[PDB]
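One-letter residues, chain by chain:
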Amino acid sequence: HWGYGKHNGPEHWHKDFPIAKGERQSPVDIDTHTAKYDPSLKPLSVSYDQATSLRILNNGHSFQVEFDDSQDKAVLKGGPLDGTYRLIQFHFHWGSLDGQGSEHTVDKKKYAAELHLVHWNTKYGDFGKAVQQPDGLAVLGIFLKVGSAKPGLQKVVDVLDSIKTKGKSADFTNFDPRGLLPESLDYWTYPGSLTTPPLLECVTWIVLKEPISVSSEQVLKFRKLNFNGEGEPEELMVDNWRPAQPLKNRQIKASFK
Ligand SMILES: NS(=O)(=O)c1nnc(NS(=O)(=O)c2ccccc2)s1
Ligand SMILES: [Zn+2]
């Protein structure tokens, strides 16, 4: 099966998922000097006041916090989007060292980690239908740099001990994702793909310019998770990021001059 090691990592994925060599793959490097300011772009509208988290899970390649998406509770609109996108989960990618871990890069700079908030377009009725459409998903990408702790992240960090290995889950209610957002909502956007198999080209990426900062101790706890299941030989969950893919015939647009 696919993963991030030497014999099953990103350079091998195309053998099972040929779209890995597709025209609109993610992540990409954001070259700040060639991104185009688009004054037509709207401000983002994040409405997470009524979010309902359910549980946190180690899925064997990352950990994800899941939300109830049975109704318009937590949604994203505005920006480059048409319509209402419902939050279904967030997860992280991170490195073995503080100098790597993000998927997107900015002028080739790598951050310690990257947070992805995944939302799906409710006009397609369910998530499974949404992922088959070119405008089906919108993923909000937030960079993490190492500095001062983020209080809003600590609830997550403290429960990692109970989902150490693949397939473990825990109740995780009343988590407010607003605590993970930077002060500014300025962004870059481009049409892209999932960055893990099946690598479907169904994502509008929205990557925030402003990173959030987390402490060394917080990201340290991420690195103690395991890719393996319980009872199996220990493999630490680190460097679960895909390298930058060719931009090809795409333009990155910026919301800010
Ligand atoms: N890193 S990323 O592009 O946000 C994603 N990588 N895996 C993801 N999982 S997921 O949205 O739950 C998913 C699960 C099954 C099919 C399509 C998407 S999102
Ligand atoms: Zn991701």
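Numbers on residues come from counting from 1 along each chain's written sequence, not from the entry itself, and any residue without coordinates is not displayed. Chain letters and ligand numbers both follow the written order, the letters beginning at A and the numbers at 1. Excluded from the side-chain calculation are hydrogens and water; included are all heavy atoms of the structure.

Brief notes about the site of ligand 1
Logical step 1: Residues are labelled near a given molecule or strand when at least one of their non-hydrogen atoms is within 4 Å of it. Taken together, the residues surrounding ligand 1 are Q89, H91, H93, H116, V118, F127, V131, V139, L194, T195, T196 and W205.
Logical step 2: Residues adjacent in sequence count toward polar contacts only when both atoms are side-chain atoms; beyond that, a polar contact is any pair of N or O atoms within 3.5 Å, and within protein one must be able to donate a hydrogen and the other to accept it. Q89 places a polar side-chain atom, nitrogen or oxygen, 3.3 Å from an oxygen atom of ligand 1.
Logical step 3: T196 is positioned with one of its side-chain polar atoms (N or O) 2.9 Å from a nitrogen atom of ligand 1.
Logical step 4: Note that accessible areas follow from Shrake-Rupley with a 1.4 Å probe, and for residues the cover is restricted to the protein chains shown. If ligand 1 stood free it would expose 450 Å²; the protein chains cover 79% of that surface.
Logical step 5: Going through the elements one at a time, β7 (85–94) and β9 (113–121) are the ones with two or more residues in the shell around ligand 1.
Logical step 6: Strands here mean DSSP runs of E at least two residues long; helices mean DSSP runs of H or I at least four residues long; both are numbered from the N terminus. If one sorts the elements of the shell around ligand 1 by residue count, β7 sits on top with three residues.
Logical step 7: Under the grouping applied here, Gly and all other residues not named as nonpolar or charged are polar, the nonpolar ones being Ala, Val, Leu, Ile, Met, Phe, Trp, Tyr, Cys and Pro and the charged ones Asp, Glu, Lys and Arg. Looking at the shell around ligand 1, its residues break down into six nonpolar, six polar and no charged.

Here we look at the nonpolar core
Logical step 1: Formed by 49 residues in total, the largest nonpolar core has its most connected members in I56, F63, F90, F92, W94 and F222.
Logical step 2: Breaking this core down by element, the ones donating at least two residues are β5 (63–67), β7, β9, β10 (137–146), α2 (154–158), β13 (203–208), β14 (212–214) and α3 (216–222).
Logical step 3: Broken down by element, the residue count for this core peaks at five residues, all from β7.
Logical step 4: Residues count as neighbours in contact if any of their non-hydrogen atoms are within 4.5 Å of one another. Each residue touching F92, except ones within four places of it in the same chain, is listed here: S62, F63, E114, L115, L144, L153, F222 and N240. The set of buried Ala, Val, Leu, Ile, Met, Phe, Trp, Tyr and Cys residues whose side-chain atoms join them within 4.5 Å is what this entry labels a nonpolar core. Any residue under 20% of the maximum accessible area for its type is buried, any over 50% is exposed, and the rest in between are partly exposed; the area is computed with a 1.4 Å probe on protein chains only.

Quick look at the packing of aromatic side chains
Logical step 1: In this scheme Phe, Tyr and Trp rings, the latter by its six-membered ring, pair at centre separations within 6.5 Å, and the angle between planes marks the pair as stacked below 30 degrees, edge-to-face above 60, and tilted otherwise. Per the counting criterion, the structure on display carries 15 aromatic pairs.
Logical step 2: Where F63 meets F92, the ring centres are 5.4 Å apart and the plane angle is 35 degrees; that geometry is what we call tilted. In this pair, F63 is assigned in strand β5 and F92 in strand β7, connecting sequence segments 29 residues apart. Per residue, the accessibility class of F63 equals that of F92, and both read buried.
Logical step 3: When the centroid spacing of 6.0 Å and the interplanar angle of 90 degrees are considered together, the rings of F90 and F92 count as edge-to-face. Assigned by exposure class, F90 and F92 land together as buried.
Logical step 4: An aromatic cluster of at least three residues, connected via ring pairs, comprises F63, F67, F90, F92, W94, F172, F175 and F222.
Logical step 5: Residue placement shows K109 over the ring face of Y111; its charged tip is 4.6 Å from the ring centre.
Logical step 6: Placement of a charge over a ring requires the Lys NZ or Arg CZ to be within 6 Å of the ring centre, with the centre-to-atom vector within 35 degrees of the ring normal. For the cation-ring pair, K155 lies above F172, with the distance from its terminal atom to the ring centre recorded as 4.8 Å.

A closer look at the pairing of β13
Logical step 1: Along β13, six of the six residues are buried, which leaves the element largely enclosed by surrounding structure.
Logical step 2: By the alternation rule, side chains of β13 split into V203, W205 and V207 and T204, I206 and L208, which are all buried.
Logical step 3: Following DSSP output, two strands are said to pair if at least two bridges run between them. Pairing between β10 and β13: five bridges, direction parallel. Directly across from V139, in β13, lies its bridge partner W205.

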